[PDB]
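Given next are the chains, with one letter for each unit.
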Number of protein chains: 4
Amino acid sequence: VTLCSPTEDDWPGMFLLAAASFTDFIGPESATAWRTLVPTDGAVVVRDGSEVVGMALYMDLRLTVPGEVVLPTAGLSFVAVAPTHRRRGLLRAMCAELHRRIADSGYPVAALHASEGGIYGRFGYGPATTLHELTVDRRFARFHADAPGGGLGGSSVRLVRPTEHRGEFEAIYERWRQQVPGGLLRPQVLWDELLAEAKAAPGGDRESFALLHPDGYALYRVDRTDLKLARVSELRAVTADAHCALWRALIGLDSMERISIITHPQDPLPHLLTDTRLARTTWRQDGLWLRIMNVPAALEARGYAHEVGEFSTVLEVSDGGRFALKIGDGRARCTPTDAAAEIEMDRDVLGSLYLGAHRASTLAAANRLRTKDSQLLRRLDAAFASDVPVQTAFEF
Amino acid sequence: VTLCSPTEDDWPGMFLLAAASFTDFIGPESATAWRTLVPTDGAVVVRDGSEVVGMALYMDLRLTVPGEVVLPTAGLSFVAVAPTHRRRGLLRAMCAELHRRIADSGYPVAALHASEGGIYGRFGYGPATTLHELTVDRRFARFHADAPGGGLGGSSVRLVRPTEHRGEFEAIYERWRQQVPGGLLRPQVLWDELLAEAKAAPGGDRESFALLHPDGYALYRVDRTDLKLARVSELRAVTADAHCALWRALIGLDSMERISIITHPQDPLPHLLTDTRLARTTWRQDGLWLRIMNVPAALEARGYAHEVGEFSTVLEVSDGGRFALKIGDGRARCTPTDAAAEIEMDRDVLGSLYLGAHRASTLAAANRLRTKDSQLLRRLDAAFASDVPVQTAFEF
Amino acid sequence: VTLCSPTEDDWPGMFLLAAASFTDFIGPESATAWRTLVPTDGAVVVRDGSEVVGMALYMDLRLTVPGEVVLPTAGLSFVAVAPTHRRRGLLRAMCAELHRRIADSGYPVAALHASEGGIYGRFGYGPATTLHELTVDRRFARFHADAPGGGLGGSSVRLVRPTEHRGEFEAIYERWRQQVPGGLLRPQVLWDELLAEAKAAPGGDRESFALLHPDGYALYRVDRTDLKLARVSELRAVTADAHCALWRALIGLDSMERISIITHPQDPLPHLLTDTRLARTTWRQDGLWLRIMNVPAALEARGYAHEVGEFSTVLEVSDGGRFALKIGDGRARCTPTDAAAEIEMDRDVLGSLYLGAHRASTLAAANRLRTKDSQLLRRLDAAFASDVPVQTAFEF
Amino acid sequence: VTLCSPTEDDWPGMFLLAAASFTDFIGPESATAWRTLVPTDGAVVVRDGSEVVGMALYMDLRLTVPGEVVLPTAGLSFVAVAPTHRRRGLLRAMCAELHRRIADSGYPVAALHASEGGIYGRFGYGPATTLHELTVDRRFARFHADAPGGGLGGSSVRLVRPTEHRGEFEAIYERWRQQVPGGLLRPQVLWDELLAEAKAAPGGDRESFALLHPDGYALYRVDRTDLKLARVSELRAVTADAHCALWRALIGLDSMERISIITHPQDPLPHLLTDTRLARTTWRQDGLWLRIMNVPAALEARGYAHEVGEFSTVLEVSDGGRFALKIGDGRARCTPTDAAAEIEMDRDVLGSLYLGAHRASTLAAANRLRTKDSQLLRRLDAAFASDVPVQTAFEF
Ligand SMILES: CC(C)(COP(=O)(O)OP(=O)(O)OC[C@H]1O[C@@H](n2cnc3c(N)ncnc32)[C@H](O)[C@@H]1OP(=O)(O)O)[C@@H](O)C(=O)NCCC(=O)NCCS
Ligand SMILES: CC(C)(COP(=O)(O)OP(=O)(O)OC[C@H]1O[C@@H](n2cnc3c(N)ncnc32)[C@H](O)[C@@H]1OP(=O)(O)O)[C@@H](O)C(=O)NCCC(=O)NCCS
Ligand SMILES: CC(C)(COP(=O)(O)OP(=O)(O)OC[C@H]1O[C@@H](n2cnc3c(N)ncnc32)[C@H](O)[C@@H]1OP(=O)(O)O)[C@@H](O)C(=O)NCCC(=O)NCCS
Ligand SMILES: CC(C)(COP(=O)(O)OP(=O)(O)OC[C@H]1O[C@@H](n2cnc3c(N)ncnc32)[C@H](O)[C@@H]1OP(=O)(O)O)[C@@H](O)C(=O)NCCC(=O)NCCS
Ligand SMILES: CC1=C(c2cccc(Cl)c2)S(=O)(=O)N=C1NCCCN1CCOCC1
Ligand SMILES: CC1=C(c2cccc(Cl)c2)S(=O)(=O)N=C1NCCCN1CCOCC1
Ligand SMILES: CC1=C(c2cccc(Cl)c2)S(=O)(=O)N=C1NCCCN1CCOCC1
Ligand SMILES: CC1=C(c2cccc(Cl)c2)S(=O)(=O)N=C1NCCCN1CCOCC1
C-alpha cells in the first residue's frame, strides 16, 4: 500500500470515497471550490496496490489569535479511510506525512473541526473554542431597560436579500475576524459558497434572509420541518449597538416561536433580556481544535494579558521540547533550556490553552497539566486569558 | 390588607398556601425542620381583612465568597402570593419589608434560588452561580492516560449506605464549603433532611447509595422511570484524586447507560476522558442569586485576584451610592465619594459579578454596566475573578 | 345458563369480574357505596350452570331536563360479560331483562355513560350531552376589558381545603343541578366518595384543592406526571360573576403552564380572554346517553322553547309507537294516533334530541330522521332547543 | 414615515417583506394571481423615509349570509410589518386607512383569517365561523343501516383526476356557496390556483385526486410523511345523498388507516357511522372573522329565523351608534334612535353573532354583551340562528 500526492486522475475516486464516508458530503462542485485553498503538495492519498482507500489534506488559512495577531494556519479537512481498510494504520500514516509537510512548510499551527471527540488528541490536537447553541422563546422575550438602541425614532437594521449586499457582509466580517480570537479570513470563493447556500432548494433548505446594520449582520432561515423555528446560521457584530439592534429585529419575527443560534459561552444575549433564562442553552460542543506545530513560535506570537505581573517558568511539552518561558508587558519570550521543568503537559493541552477557552487550573484539576506550584497556575490562567472572548469563525 | 410577623396560628394557613402554590411543596414536616433556621422576626404574612394571602421569609445562612471569606447571608424562601390576590402589589410589599429587616439586622448580602428568571432583578438580585447538567454515556467512557489513580492495586473508594457514614460526609462537606465560593454551611437539621431523602419511597424515588473516599463523596440513585440512568444528587471532592477516583467508580456502574449530575461550568470531568464530548451538557441555568445589601461592606469583605496591579476607580450603583474603589494586594477599600463616576451599574449587576461567575466585559457588552474605559473593564474582569471556581451548594 | 337477581353470596364473584373487566375498576369499597343507590331488584347476574359470567344493574337517579323539570331516571352501570363468554347473547339478555324491570317500575328514561361508542345505539340509547376538554396556556392568558370582577379591591374567591367546606359545595352543586339540563342529584354517599378522592395517594393522584366563591367552586389538582399542568376535576358556577372570578383565580396559578378542564361546547371561557384561541379544544366526546322508555311521558314532561309558534305533527318512533305531537306555549301534548307519520326516527335518535345537544336538522342530514318537510325540521330544531346549555353532571 | 398606495416599483419590496414575514409565503406567482381581486386603491404601503416596512390590502369578495343573501365584502390580506419596525403604530395606521377606504367605497362588511387570535378584536373583528378537524379511523368505520345510498347496484361516485373535470367542480361549488352562510364566490383565477396545487411537487405535497358525484365532490391527497393518512383538502356537497356517497368512497380507501378533514361543528359525518366516536375531533379553531362596517345595512340585509315572533329592542354598538331594531317575518328594520339601550356590545361581538356561529346567551355569560333582560337574550339567540349551518369557504 503506497502513500503519495494525488494526480488529477485520483480525484473522481477521492470524491467517491467522500460521498460514501461523510454523513452529508458537500458534493464535488462545492469541494472543488474549497480545493482552491489547498496548496500544491497539500494533499495525500493512499492507494490499494488500484483504487483510493485513504485521503487527507490541508488548506492555507489565516487564524486570528489573542492580541489581534494573525497566524498562517494549516486547516486539515477531507480526511477519510475506506470502510474496507479500517484499523490498518492508514490515518496515522496520513497524519504523520501531512504534519511533516506542514512543519517543513513553516506553519506554526494546524487546526481542524473534529467529526468525533476521541480521535485527534493523540495526534496533538486539543479543542480550543467552544460552541454554544442558544434557543430563545421569543414570545416572552422583552429587552431590559438598559439594552442599547430603544429610544424613539427609526430603526438601524434593514432586512435584505443576502446576494444583493455581498460587499457589506464581506466588509463587516473582515473587521470582525481581525479583532476576534478564532477569526478566519474568508476568501472570495467561500463567499461564493456561502451565498449559494442562501438560496432555497427543492425538497431542501428554505430561502435565507439577512438583517443588515452598518456594524453587523445576521443571516437566518426558517427550519425545514419546524416552521415556528428560525435558525440563525451566522451573526457577526463589531459593536454592542449592532449586536443588540440585530437581536431586537430577530425577536421582532412574530411568525416564529423560537430563534436558535450557534454562538459562544460569552454571548451577551441573555443579559439583554429581562428574563435571562429565556436564552436557553440547548447544545454545547468543542469547535475549532488546534495542534501547535512549533511551540516557541506559537507562544511568542500571541499577546498576553497585561494585568498579570512579569513572571518566568520552565515548560515541558511531552514530546515538543522544554522551554524557559518569560511573560511580561503582554509579551512572551520562549527559549530552549535543560533546566528542571516547573510545568508539564501534552501537546494537545497547550492547544486547548492557546486561545483562552480553557483555564490551566481546570486542566490541572484533571491532571492534564502537572505542576507543584499553585501560584504558577494562577499566573498562567491570568496570562493566557483573552480580553476579547474566543469565537468560532466557520466550519471546515 | 395588613402585613405582619406571623403567630403560631398563622402556620396551618401558610402551609396550605405553600401546598397549593409551589410545583412540588416539600411538605409540613420538612418545612418545619428548615424553619429552625428562620430567626425571630424573619417571616412576614399578609392577611385578607381573615385567611393568609401572602408570605415570605429569610433564613440565617453562611455563604463563602472568594478568598475563603464567610459572610452572614439572608436566604429568602417560602415566598408565595395566593392565586386569588395576584397583581395587587403584595410581593413588592413583602420584599420591601423583609429587605428593611435584613438591612437593619446587619446582613451585608441576601440570596435566593429563583422559581422564574424574570422576577427578581427588579428587587436588586442578580444570578451569581451557574448550574451545568452533564450527562455521560458511560458505555464509551475511557479515562485518559493522565487521569489520577489508575496504577495497580486496591481502590480508594468504598460504596456504602449513606446513613451509616453521616460523620464522614459532614466532615468532607464542611471542608468543601469553607474553600469554595458559593459554599453554604449545612447545619444538623439539613443533614437530617438530606439523609431522610436518601431512603426509597413507595411509588417514589429509589434508594440512594454513596461512594465514599477520604477526601470526597458522591450520592446517587437510579432514576425512577429510566432504569438505565443514574442521577448523582451530590458530589463533593476536596482533591483532584478524590474527584477522579469517584468518577472512575461511577463509570464502573455497568448496569447503567448514562450518569447525570448537576455541576458547574469548570467541572474537570470532560478532561478526565479520552473523548471530552461524552460529557454532554444537557442543561444550563442560573443557580444562586445575590442582592448586595451593603455595597462597601460586601466589596471590602471579599478577596480579589493578586495578579492584577493596584488600581482605583469610582463606582456608582444606581440607587446604592457612589464609592471610591481601590483594589490592590488582593484587597479592596471602598469609601463614599461625590467624584464623577467612571463605572455605573444597577445593584443586581454587582451581585452577578460578586462571586466571579460573570465577567464585567460581558455585562458591559449588554450595556448592563456603563463605562468609557476599556482598560478599567479589563482590570475589573481580572480583579473580580476567583482562583477557585464558583459553585452551588444546595437549593433553598 | 340462568339469569337472576343476585344474592349477597354473588357479590365477591361480581367484584372479581369487575376488577378483571374494567380498565380501572373503582374497587369494592367505592362500589359498595354506589350500591346504596341500586334499588332492590335493580341488579341482574348470569351464572354458568357456578361462577358469575355476566352482570348489569341500574341506580335510582334524578335527571334535570329543559324547563328545570326533574325526571326519575334509571342509570345503568356495572355492566360486564366475562372474556370467556363473549358473543353468546349475554349482554342482550341482561339489557332486555333490566329494561323490562325499568319500564314496569315507571321510569320514563334510562341513562348511561358508554365505554365504547358503538355498543348502545342498538338498545335504543343515543348520546345526549357533549364533553369538551379545554386546555388553556395560562402564561399568555389575559382577561378582556369586559370580563366581570376586575375593579379595584379584594377578591371574592378564597382557596380552601375541600373537606372543610363540604356544606358550601353541596349547596352550590344543588342549585346548579336543578337549573341545568343534564344535572343529577348528588346524594350524601357520592359526596363522601368525591371528598375521599380529593386526598393524595402514595404513588397516586396528588392532593386536591378548591377555589370557593359564594356562587361557585372549582376543584383542582396538579397532574401526577406533568407538574406544569393543573387539572380541574369539577367547576360549578351559578352566576357569570362566579364563573369569571374562579377562572381569574385559576389563571393566577403561576406555577402552572397549562390549566385543563372537561366542560361543554358553550362554556363562555374563550370569550373571557383577549385571545379566544388560548382556550384550545384538546378533546371531544359523547357524555351522557339516554334511552326514552316512555315516549309520551318523556315528551310531555319536558319544557320547550317559547319562541317557536304553536305547531302540530305526527311522529313515529321505529318500535315505540306513533303519536300526534302538538307543541305550543312551551309545552307539548303527545297522544296515540294511527294518522300518517310526518317524521320517523329510531328510539336512540329521540334520546339524542331530548336535551337539546343535537339538532334535528343535523340528524336529518344523516338520514337518522326522515321527513319530507323542511319547515317541520326548522320547527323541531327551535322547539327542542334549550335556553340553558346542556351539561354533564358526573360519570357513573 | 409615509403611508400610501403602492406603485408597480413597490411590489418587489412587498414580496420580500412577505417572504420573510409569513410562516410559509405562497410566493410571487400565486400572489400575483390573487392580486387580480385587489381593486385600484385597495392596497397601502409604509416606507421608511426608502424600503417598504409595512403593507396591507383588501380584495373584492362576495360573502353569503343567512337567508342566501350575498354581500360585497372586503377581504383583508397580505398584512405585514417588518420585524425591524414593530411597536411603532404601523398596523394601527394601515388598518385605519384601509377601513376608511373600505367604508367610503360602500362595503357593509370586511373579513379576514387571523394569523393569531389576539390581534384583531380591538379593530372590530370577531370570529364568525368555526373550523373542526375530524379524524376518522376508517379501519373500524361502518355505516349505519339508515345512511343514504347503500342499496344493491352501481355506485354514484367516480374517482377522477381534478384538472379533467374543472367545469363540474366549478358548478357544484357555485351551487354550494350561494346556499351556505360563509360561502364565497370563487373566481376563475382561484380555480387556476386550486388546480395548480392539485399536482405533486418534487420534495413536496403528493398528487391530489377527486371523488366526483353529480351533487358533490371531495379533493384529497395522501399526507407527505404519514402515508397511512389521507387529507381531504375540500369536500362540497349540496345533498345528503352526495355527502354520504362521498364518505362511503373515502372510507373505501383501504390503503389508509385514517381520513382527516377540516369541516364545521354540524358536519353530519359522526351520525353516518354505527360508532359516532370514530369521527374524532382532533382540532378546533376560529375560521372567518368579520367586521361590520355599517351596522344598519348589515342587519337589514340578513334574513332571520321565522320561528321567533315579532319583537323590538334598542341596540347600542360601543362606537357604532344606537339603533331601534325590530325583527319579524324573518326580516329586520334597524333605524337611528336616542332611546335608552336595552342591549350593548362592542363591534366585534356583533360580527361573531352575525352568521349564527355564536349564541348571544353565551356572549352575555362572558359579559361581552350587556342586557338586563333574559327574554331578549332568548329572542336574539333564536332570531340570529341560521337554518343552514355556517361554514368556511376558503382561506385568504
Ligand atoms: C478515524 C479514521 C479516519 C479511521 O482511521 P484508521 O485508519 O482506522 O486509524 P489507524 O488504523 O491509523 O489507527 C491508529 C490508532 O488510532 C485509533 N483509532 C482511529 N480511529 C478510531 C476510532 N474510530 N475508534 C477508536 N480508535 C480509533 C486506533 O485504535 C489506533 O490505536 P493504536 O495506535 O493504539 O493502535 C476514520 O474513522 C474516519 O474516517 N474519520 C473521519 C475523520 C474526520 O472527518 N476528520 C475531520 C476532517 S474531514
Ligand atoms: C411572582 C409572585 C410572588 C406574584 O407576585 P405579585 O404580588 O403578583 O407581584 P406584585 O403585585 O408585587 O407586582 C409588582 C411588580 O412585579 C411584577 N411581577 C410580579 N410577578 C410577575 C410575573 N409572574 N410576571 C410578570 N410580572 C410580574 C408586576 O408586573 C409589577 O410590576 P410594576 O411594579 O411595573 O407594576 C408569584 O408569581 C409567586 O408566587 N412567585 C414565586 C416566587 C418564588 O418561588 N421565589 C423563590 C423562593 S420560594
Ligand atoms: C360489549 C359487551 C358487554 C359484551 O357483550 P356480549 O355478551 O358479547 O354481546 P351479545 O352476545 O349480547 O351480542 C349481541 C349483539 O351485540 C353485538 N356486540 C356486542 N358487543 C360488541 C362489540 N364489542 N363489538 C361488536 N359487536 C358487539 C353483537 O355483534 C351482537 O350482534 P347481533 O345482535 O347482530 O348478533 C362487553 O364488551 C362489555 O363488557 N362492555 C362493557 C360495557 C360498559 O362498560 N358499559 C357502561 C356501563 S359499566
Ligand atoms: C401584529 C402586527 C401586524 C405587528 O403590528 P405593529 O405595527 O407592531 O402594531 P402597532 O404598533 O400598530 O400596535 C397597536 C396596538 O396593537 C397591539 N399589538 C399589535 N400586535 C401585537 C402582538 N403581536 N402582541 C401584542 N400586542 C400587539 C399593540 O400592543 C398596540 O397596543 P396599544 O394600542 O395599547 O398601544 C404583526 O405581528 C404581523 O405581521 N401580523 C400578521 C397579521 C396577519 O397575518 N393577518 C392576516 C392577514 S395576512
Ligand atoms: C470544507 C469541507 C471539505 C473540503 C475541504 C477542502 C477541500 C476539499 Cl476537496 C473538501 S469536506 O471534507 O468535503 N467537508 C467540508 N465541510 C463539511 C465537513 C465539516 N465536518 C467537520 C467535522 O464534523 C463533521 C463535519
Ligand atoms: C427549603 C425550602 C422551603 C422553606 C424554607 C424555609 C422555611 C420554610 Cl417554612 C420552608 S420551601 O419554600 O418550602 N421550599 C423549599 N425548598 C424547595 C424550593 C426550591 N425552589 C427554588 C426555586 O425554584 C423552585 C424550587
Ligand atoms: C359508579 C361506578 C360503578 C358502580 C355503580 C353502581 C354500583 C356498583 Cl356495584 C358499581 S362501576 O361499574 O364499578 N364503575 C363506576 N364508575 C366508573 C366507570 C365509568 N365508566 C363509564 C364508561 O366509560 C368507562 C368508565
Ligand atoms: C391569499 C393570500 C395572500 C394574498 C392575497 C391577496 C393579494 C396578495 Cl399580493 C397576497 S397572502 O398574504 O400572500 N397569503 C395568502 N394566503 C395564505 C395566508 C393565510 N393566512 C391566514 C391567517 O393565518 C396564517 C395564514
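Reading the values: rules and limits
Residues numbered from 1 in each chain as written, not as in the entry; some residues may be left out. Chains lettered and ligands numbered in written order. Part of a larger assembly, values for the part shown. Heavy atoms only, no water. Residues with missing side-chain atoms left out of burial classes, pairs and counts. Contact = heavy atoms within 4.5 Å. Buried area = accessible area lost by both parts, 1.4 Å probe. Salt bridge = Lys/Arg side-chain N within 4 Å of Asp/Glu carboxyl O. Polar contact = N/O pair within 3.5 Å; in protein donor to acceptor, adjacent residues only side chain to side chain. Helix = DSSP H or I, 4+ residues; strand = E, 2+ residues; numbered from the N terminus. Nonpolar A, V, L, I, M, F, W, Y, C, P; charged D, E, K, R; others polar. UniProt positions renumbered as here; feature names shortened; annotations may be inferred. Buried < 20%, exposed > 50% of the residue type's maximum accessible area, 1.4 Å probe, protein only. Patch = residues over 30% accessible without salt bridge, like charges linked within 9 Å, V, L, I, M, F, W, Y side chains within 5 Å. Areas by Shrake-Rupley, 256 points an atom, 1.4 Å probe, with all protein chains shown as cover. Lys, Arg positive; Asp, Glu negative; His and termini not counted. Charge placed at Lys NZ, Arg CZ, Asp CG, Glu CD. Pairing = 2+ DSSP bridges. Axes fitted to C-alpha atoms, helices over the stretch in contact; angles between N-to-C directions.

- Per the PDB record, this model was obtained through X-ray crystallography at a reported resolution of 2.21 Å.

### What about the interface of chain A and chain B?
- With 44 residues of chain A in contact, the opposing surface of chain B contributes 44 residues.
- Summed over both partners, the interface of chain A with chain B comes to about 3900 Å²; 46% of that surface belongs to carbon and sulfur atoms.
- Looking only at chain A, the three residues that lose the most surface to chain B are A:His271, A:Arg277 and A:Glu307, adding up to 20% of its buried area.
- Across the chain A-chain B interface, the total number found is six salt bridges.
- For B:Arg370, the salt bridge is made with A:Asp146, and the minimal N-O distance between the two is 3.2 Å.
- Here chain A and chain B share 20 residue pairs in polar contact between them.
- If you tally residues by element for the side of chain A that touches chain B, the top one is strand β12 (residues 279–286) of chain A, at four residues.
- When grouped by side-chain class, the residues that make up the side of chain A that touches chain B number 14 nonpolar, 16 polar and 14 charged.

### A few points about the UniProt feature "active site" in chain A
Residue and element names in this part refer to chain A.
- Feature annotation in UniProt places "active site" on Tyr120 and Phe396, given in this structure's numbering.
- Topologically, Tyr120 is positioned in the loop between β5 (109–113) and β6 (126–127).
- Not counting residues up to four positions away in its chain, the partners in contact with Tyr120 are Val79, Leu91, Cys95, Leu112, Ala114, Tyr125 and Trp289.
- Secondary-structure assignment places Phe396 in the segment after α11 (374–384).
- Exposure remark for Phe396: the relative accessible area of 15% places this residue in the buried category.

### Describing the pattern of salt bridges
- According to the stated counting rule, one finds 120 salt bridges over all chains in the structure shown.
- Between B:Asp346 and B:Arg368 there is a salt bridge, with its nearest N and O atoms 3.7 Å apart. Placement of B:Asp346 in the loop between β17 (343–345) and α9 (347–354) and of B:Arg368 in the loop between α10 (360–365) and β18 (369–370) is noted, with a sequence separation of 22 residues between them.
- The buried category is assigned to B:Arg368, whose relative accessible area is 8%.
- Put simply, C:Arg231 and C:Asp223 hold a salt bridge, and the shortest N to O gap is 2.7 Å.
- For C:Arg231, a relative accessible area of 36% translates into the label partly exposed.
- Under the relative-accessibility criterion, C:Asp223 is labelled buried at 10%.
- Each of the salt bridges in this network shares a partner with another, and the network as a whole consists of A:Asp146, B:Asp346, B:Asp348, B:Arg368 and B:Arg370.

### Describing the interface of chain C and chain B
- Contacts between the two partners involve 23 residues from chain C and, on the opposite side, 16 residues from chain B.
- Broken down residue by residue, the surface that chain C buries against chain B is led by C:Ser155, C:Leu159 and C:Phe209, which jointly contribute 26%.
- Summed over the shared surface of chain C and chain B, the number is four salt bridges.
- For B:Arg86, the salt bridge identified is with C:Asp254, shortest N-O distance 2.8 Å.
- Connecting chain C to chain B are seven residue pairs in polar contact.
- Of all the secondary-structure elements, those providing two or more residues to the side of chain C that touches chain B are β8 (209–213) and α6 (240–251) of chain C.

### Observations regarding a positive patch on the surface
- On the surface, A:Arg86, A:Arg87, A:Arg92 and A:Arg122 cluster together to form a positively charged patch.
- Structurally, the position occupied by A:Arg122 is in the loop between β5 and β6.

### Concerning the sheet that holds strand β15 (residues 321–328) of chain D
Residue and element names in this part refer to chain D.
- Spatially, β16-β15-β14-β17-β18 is the arrangement adopted by the five strands of the open sheet, whose pairing is mixed. One side of each edge strand has no neighbouring strand; the edge strands of this open sheet are β16 (331–336) and β18 (369–370).
- One ladder, built from seven bridges, connects strand β14 (residues 311–317) with β15; its direction is antiparallel. Of the residues in β15, the one forming a bridge with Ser312 is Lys326.
- Together, β14, β17 (343–345) and β18 form the strand contacts of helix α9 (residues 347–354), whose direction differs from that of β17 by roughly 105 degrees.
- Against the sheet, helix α11 (residues 374–384) contacts β14, β15, β17 and β18, and its axis sits at roughly 90 degrees relative to β14.

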